[PDB]
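*Asks:* Take a look at the following structure, please.
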Amino acid sequence: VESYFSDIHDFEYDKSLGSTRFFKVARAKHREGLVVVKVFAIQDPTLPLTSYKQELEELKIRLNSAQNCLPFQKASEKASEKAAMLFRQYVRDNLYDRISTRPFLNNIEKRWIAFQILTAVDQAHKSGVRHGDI
Amino acid sequence: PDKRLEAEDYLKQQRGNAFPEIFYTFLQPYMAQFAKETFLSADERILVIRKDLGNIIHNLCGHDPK
Amino acid sequence: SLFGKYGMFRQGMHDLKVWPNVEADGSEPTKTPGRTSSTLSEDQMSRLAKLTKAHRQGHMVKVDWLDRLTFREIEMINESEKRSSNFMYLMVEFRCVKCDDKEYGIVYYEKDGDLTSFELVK
Ligand SMILES: Nc1nc2c(ncn2[C@@H]2O[C@H](COP(=O)(O)OP(=O)(O)OP(=O)(O)O)[C@@H](O)[C@H]2O)c(=O)[nH]1
């Protein structure tokens, strides 16, 4: 995954966050801070990636005003002749790690985390965005 | 799917039960200032919290589960 | 106050008004202030005392004929005030710093004294 960052001068590869057949996720440093980059390797160039890029740009415009919603801020169709890349802000912790990282979330923190999840869904629905992978 | 409510309905149904009222009235509105696009440096955040300290204690503790 | 209105440490001789029968108070603002700022009632003695000192240091224009009369007037004011205001004045002098014969002033400064919109960082 790090090899794909060699072509993006504004992003400096930092660490690999995961590899799957669908998306390879890695963390990179950018002038704005840390960013998570999911790289989709284009195996068949005949895939209508432009249609998906337009859908992602629509998602960015629809979710730009949501405070608890983080859409993909950048979608690059031909970032490299080999792969299309999606860029978004890096957050310190994912919920999967946060549960096991101290301080352990208290009952009041657990209620607060649940409350914010619901608020994120409410805001996304009113903003016209559905997650599909919650 | 017909049994799933809308996101706003769950927040209303659990308002005061699973989520204490303090989350909606102050925690969500106050905290939203820190997640805004306008970056508050760590120094600025401390000063903002210091300035509001009296209001935060009044809003969280009341005059007095607080 | 150790730092002046402009953050400069006090220098030279300073006459501080002593409040009778009370311990020196350290709260901010002090209840027993030694240097009555210009915001309060301008004590003609305090204003004239500052002027006499400003004259001594050579910060006021010397007019020989005026001085003999003016200073004689100040002497009368100070004599009259000493009779009615029985307040004591304690003199304190702060040290001065010199290097290569030049005087240096200590100004309050913090050791660490020397992007609002992000495109990607929300
Ligand atoms: N601490 C931390 N973990 C992250 C960050 N970004 C992603 N991760 C985690 O690293 C892994 C990346 O895989 P994902 O593709 O996001 O997994 P997923 O959320 O189940 O799949 P999607 O629904 O497509 O997002 C997951 O465990 C994420 O929680 C981050 O910025 N900080």
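All residue numbers given for chain A refer to Swiss-Prot; the residues shown span 16-149 in order.
Backbone N, Cα and C atoms are what each Cβ position is placed from, and that goes for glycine too.
As listed in Swiss-Prot for this protein:
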BINDING   A:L32, A:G33, A:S34, A:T35, A:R36, A:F37, A:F38, A:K39, A:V40, A:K53  ATP binding site
ACT_SITE  A:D148  active site, proton acceptor
*Asks:* Go through the recorded positions A:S34, A:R36, A:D148 and pull out the ones with a Cβ less than 6 angstroms from some atom of ligand 1.
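*Replies:* Result: A:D148.
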*Asks:* With the ATP site defined by A:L32, A:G33, A:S34, A:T35, A:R36, A:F37, A:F38, A:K39, A:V40, A:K53, which remaining residues of that chain have Cβ atoms positioned within 8 Å of the Cβ centroid?
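*Replies:* Near the ATP site, the remaining chain residues are A:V16, A:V54.
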*Asks:* DSSP three-state call for A:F38 (ATP binding site): helix, strand or coil?
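*Replies:* Where A:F38 (ATP binding site) sits, the three-state DSSP reduction gives coil.
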*Asks:* Go through A:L32, A:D148, our recorded positions, and report the one whose Cβ sees the most other Cβ atoms within 10 Å.
*Replies:* A:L32
*Asks:* At 10 angstroms around each C-beta, which of the binding-site residues A:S34, A:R36, A:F38, A:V40 has the fewest other C-beta atoms nearby?
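*Replies:* Per-residue Cβ counts within 10 Å for the binding-site residues A:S34, A:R36, A:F38, A:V40 bottom out at A:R36.
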*Asks:* Rounding to the nearest whole angstrom, report the longest C-alpha distance spanning A:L32, A:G33, A:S34, A:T35, A:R36, A:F37, A:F38, A:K39, A:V40, A:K53, listed for ATP.
*Replies:* 14
*Asks:* Any idea what the Cα distance is from A:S34 (ATP binding site) over to the residue listed as 'active site, proton acceptor', rounded to a whole Å?
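*Replies:* With the alpha carbons as reference points, the distance is 17 Å.
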*Asks:* What's the CA-CA gap between A:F38 (ATP binding site) and A:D148 (active site, proton acceptor) in angstrom, rounded?
*Replies:* 14
*Asks:* Roughly how many Å lie between the Cα atoms of A:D148 (active site, proton acceptor) and A:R36 (ATP binding site), rounded to a whole value?
*Replies:* 17
